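Worksheet for the structure shown next.
Nothing in this text is a laboratory measurement; each read-out follows from the coordinates by a stated rule. Reconstructed Cβ throughout: ideal geometry from the backbone, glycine too, with neighbour counts over all protein chains shown.
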Amino acid sequence: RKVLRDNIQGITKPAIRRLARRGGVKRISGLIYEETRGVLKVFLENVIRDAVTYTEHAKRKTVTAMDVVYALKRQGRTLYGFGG
Amino acid sequence: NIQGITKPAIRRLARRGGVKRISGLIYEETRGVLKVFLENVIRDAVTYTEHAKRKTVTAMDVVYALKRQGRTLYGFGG
Amino acid sequence: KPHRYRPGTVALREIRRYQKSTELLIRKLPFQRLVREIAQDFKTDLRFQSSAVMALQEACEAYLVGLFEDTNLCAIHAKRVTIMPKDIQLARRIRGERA
Amino acid sequence: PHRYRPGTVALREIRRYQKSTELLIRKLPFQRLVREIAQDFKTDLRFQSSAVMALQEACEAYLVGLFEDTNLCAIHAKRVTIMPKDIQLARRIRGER
Amino acid sequence: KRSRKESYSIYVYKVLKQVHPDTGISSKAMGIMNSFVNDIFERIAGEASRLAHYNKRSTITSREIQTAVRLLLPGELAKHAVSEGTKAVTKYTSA
Amino acid sequence: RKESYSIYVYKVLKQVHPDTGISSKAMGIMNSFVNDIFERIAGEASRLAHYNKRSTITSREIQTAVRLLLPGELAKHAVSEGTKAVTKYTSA
Amino acid sequence: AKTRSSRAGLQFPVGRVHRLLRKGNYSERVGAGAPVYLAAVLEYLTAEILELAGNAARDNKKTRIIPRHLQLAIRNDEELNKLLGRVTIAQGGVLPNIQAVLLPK
Amino acid sequence: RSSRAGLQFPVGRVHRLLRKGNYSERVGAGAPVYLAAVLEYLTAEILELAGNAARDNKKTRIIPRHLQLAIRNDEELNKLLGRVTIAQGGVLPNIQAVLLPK
DNA sequence: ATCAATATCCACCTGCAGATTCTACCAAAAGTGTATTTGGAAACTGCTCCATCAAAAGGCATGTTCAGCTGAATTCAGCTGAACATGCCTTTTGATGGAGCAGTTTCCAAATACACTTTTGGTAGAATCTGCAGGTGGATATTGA
DNA sequence: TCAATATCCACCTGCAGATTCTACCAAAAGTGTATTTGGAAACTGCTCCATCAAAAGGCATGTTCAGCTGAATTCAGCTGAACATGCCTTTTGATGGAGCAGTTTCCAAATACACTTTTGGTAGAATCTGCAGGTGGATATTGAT
Ligand SMILES: [Mn+2]
């Protein structure tokens, strides 16, 4: 297919602001955006890494929704609405 | 009874915490937090006790209670 | 005129608007892509269930919205109103995400 | 008249207490606090000696952590005197309150 | 060539209708509730699981489930739970 | 009755540091550490088995459980020793 | 004819629960009342959330409970909020709340 | 057996703890072994670092503070036990620079 | 103290994607006759756990001073929100090819079940020791002139 | 710095409380055989996922402008650290007695088990219908005169 690259930038600033508004933030410093992408990349990696590990253990090439729900569980971030 | 946790001790605890200057209201606040902690850890502990029909609260009861609270303690399994 | 809302008027308007709703705030594609990029770096030739991605996104977005509040509180705490990386760093530390 | 500037001892006290591990809170007042509280939940209760040590180590060790976080909070607001508000923030962010 | 996956929808729905005869619940909504029951179930059963062991007792009696509730549930939620749980059991036995 | 890992911990303390010895409390901590980790690895393996509708906890489970459970380096070395100990058990 | 659930006067599948316990490996054996006791707690708790959700959907003028309502429900009742403190609800959004200082002079 | 797997930690002891632990219907043959070694290993990992901690203070007897000083100084172990409290351990010597004179 | 300029509020409309129902099969409770256990209930232990009793010694509580820290005010460069014009690319919908989940079977390699045989590991004495606990004496780090 | 405090810190030293080693018995761990079976190999149907195509209008970007924030300072009232005092409440150390965890030992009631019935649920088609998307005045709310 194609070569994925620098896609952590797909997370546009307007959006990050949006996420912040829902959060309650009314004034966002400028250095915030690059910071946020930073945390998001790290949070994601961990949730994904774990997920994929559950995938491999079931010897499957597909990342199922449960693989994510269980991952989030270990991480403490329990999710409702995707796998009973 | 709680006022037994003398102000000087609280300062000592905060000292270990890296604290340099301590406000005056702190002490009362610290006693509240400290009380709520124990209040929560024992409640779960005694419950564990009662269930075992005991009348005597063993250390394992505190250890188990400290785990539910996510405050795991090592060296008291002995 | 031209009519110009004073700085902060629209910001609050948004804060109210985006809290009254529950739609994802990150665009679905760039996220998907981002995910696949990261997952590709852990194991090549992976296929994602359409929903597995929705999950990650439902979580990521909940996570960050949740981080921003604690963030916002730290700025308020330092008398400021502008969240800065400094605020985020404290929020995560306290949290235990990276003591 | 020799007087140590204000705040010189503190540092020396921090260096002192951080270098040690012994418990800080006076044992009897504590054990008393334990029994009192536990009695609000059950009667004719008997804490086996070590159980109360488990609680002290636990309890004291928690308070310390909280203080370390409260420092950063106090520091973050440009101050250097832990205030009750700082403790509250620290606890709120933590998920306790 | 079928694959019947179970859930609590039938039960979640019988209950929704007892509390709100005119209200309904969408797909996602149900899926949320399905998770909630499962999670809670896993917590209760898990805690009980641990109590029986902390006491070297090979069986999970309803008496364990109850302590599991008290430890797991906060406040009145627990009181009403414990209450509701007993009513069901005492009645069940007299059946 | 009432066992522990005290015995072993000490045997291992002697391999890494024959000259040193461990306190009572310290040995008590070490004894608590073993149990927790054991508890985590097992509990985790326990779940992988369940998620995958399998009624037997194999060593493959213990392993996957270890990659999820242990951080960076510890994880790698922990996996080796684990895989390294298993081969020797099957050899003879 | 007497399904164990009906004997206890419960709406949740008492037998379903009994089995899950057996096959969950929580204990070598399971009492005969546990599943009934627990099945009732899941019922009560469930009934408790629908109660507050249904209402939340009433306030909003909707006759169909969506997740959002569920969220508004759980984050407004102190206890459920705590019972589901580390729980994230997909499509739930967050309780409206703007720090005082932020508002206009 | 443990001696067969070239370990100090009891493979049987573990196998017993696993089967009787409610972890799953049956425990595979190599499971207890694998886990045992992982249990040993980790120990060695902490001892070696605490050992050093001992000699580091002119002692020859590892005590709690020696463990904590070995556990909170290593990032990985610190992470692994980040929600664990060592009795009689104390905190690592730390003073914020802002608190320092000058 | 007014009045445009807008963004938000509510009620109303109406088809269709998303519930609600309505039926059939069947995997799963249910009903019963057996085959085990399990975990109380009495009975007694040796524990460990309170209870006083009774001194001294830190360790706590106070009242004084006043160092310098926390707050309240100003000030101003310039950081960041509000806008608007640009035209990019995320969305929407459909249509396929086909990779790879899973549902079934087939069956050994492997884990379990007894019933014994041997050895290890926990206990409670018995034989060491490491650190604690004080003591000088002399740099060290503070602080006033 | 010079000097006059108080403070640490190694350098050694002497016993007792922990440590570690011994010396011996039960509870397990390891064997030998006979049973069960769980899930790896082997297909194979078919959802679901990866992809490509096109149109278009919802937004992300970028550049202006300047409002008002954050950060830098200045300034002094007063909170709270450093201290020297005077006192009582914590330490501890047995010593004794007694509630109480822990063990055994019968066993009645409660479970587990293996089949054989009998539904209660789940997986689709067939009917409904909230309400998602828009439409417009009626309200406030804001920001400029
Ligand atoms: Mn890559």
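Worth a mention:
- Summing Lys and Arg as +1 and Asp and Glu as -1 over all other residues whose Cβ lies under 10 Å from the Cβ of residue A:39 gives a net charge of +2.
- Tail fraction, Cα-Cα pairs, chain D, threshold 22 Å, whole percent: 51
- Top of H:83, H:13, H:61 by mean-square fluctuation, Gaussian network on chain H, Cα under 10 Å: H:83
- Entry note: chain E has Rg to Rh equal to 1.04, where both radii use alpha-carbon atoms and Rh is the Kirkwood radius.
- Residue-wise HN-Hα couplings along the range G:65-80, as the Karplus relation 6.51 cos²θ - 1.76 cosθ + 1.60 with θ = phi - 60° gives them from phi, are 5, 10, x, 2, 3, 3, 4, 3, 5, 4, 8, 10, 9, 2, 4, 4 Hz; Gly and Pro carry x.
- Cβ-based exposure ranking for A:52, B:62, E:89, H:98, in which fewest neighbours within 10 Å come first: H:98, A:52, E:89, B:62
- Within the straight-line cut-off of under 14 Å between alpha carbons, the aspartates and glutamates reachable from residue H:20 are F:39, G:28, sequence neighbours fewer than 8 places apart in one chain being disregarded.
- Remark: C:53, H:33, A:47 ranked as C:53, A:47, H:33, counting other beta-carbon atoms within 10 Å and listing the fewest first.
- Summing charges over neighbours of residue A:55, with a neighbour being any other residue whose Cβ is under 11 Å away from its Cβ, gives +3 when K and R count +1 and D and E count -1.
- Surrounding net charge for residue B:78, when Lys and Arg each add one and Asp and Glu each subtract one, Cβ distance under 11 Å: +2
- Note that the protein assembly as shown, at 25 °C in a medium of 0.890 mPa s, gets a Stokes-Einstein diffusion coefficient of 87 µm²/s from its Kirkwood radius over C-alpha pairs.
- Whole-Å distance, taken between Cα centres, linking the range A:1-65 and the range E:24-71: 33
- The orientation-averaged shadow of the Cα convex hull for chain G, equal to a quarter of the hull surface, comes to 10.2 nm².
- Rounded to the nearest 500, the helix-only mean residue ellipticity at 222 nm of chain E stands at -25000 deg cm²/dmol, with each DSSP H run of n ≥ 4 adding -39,500 (n - 2.57).
- Using θ = phi - 60° in the Karplus curve 6.51 cos²θ - 1.76 cosθ + 1.60, the 3J(HN,Hα) couplings for the range H:2-9 round to 3, 5, 7, 8, x, 10, 8, 4 Hz; x is entered for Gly and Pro.
- Across the range A:61-70, coupling constants 3J(HN,Hα) worked out from phi with the 6.51/-1.76/1.60 Karplus curve, θ = phi - 60°, read 8, 9, 8, 7, 5, 5, 4, 7, 4, 6 Hz, and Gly and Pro carry x.
- Pairs of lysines in chain E whose Cα atoms sit within less than 29 Å of one another amount to 16, provided the residues are eight or more positions apart or on different chains.
- Most fluctuating residue given options E:23, E:67, E:59, as computed from a GNM of chain E linking Cα atoms under 10 Å: E:23
- Each 10 Å bin from zero up to the one holding the largest Cα-Cα distance in chain A carries the following percent of pairs: 15, 34, 35, 14, 1.
- Estimated from helices alone, the mean residue ellipticity of chain H at 222 nm is -15000 deg cm²/dmol (sum of -39500 (n - 2.57) over DSSP H runs with n ≥ 4, per residue).
- Residue with peak Gaussian network fluctuation, chain H [Cα springs, cutoff 10 Å], from H:25, H:45, H:75: H:25
- In chain B, the calculated helix contribution to ellipticity at 222 nm averages -19500 deg cm²/dmol per residue, counting -39,500 (n - 2.57) for every DSSP H run with n ≥ 4.
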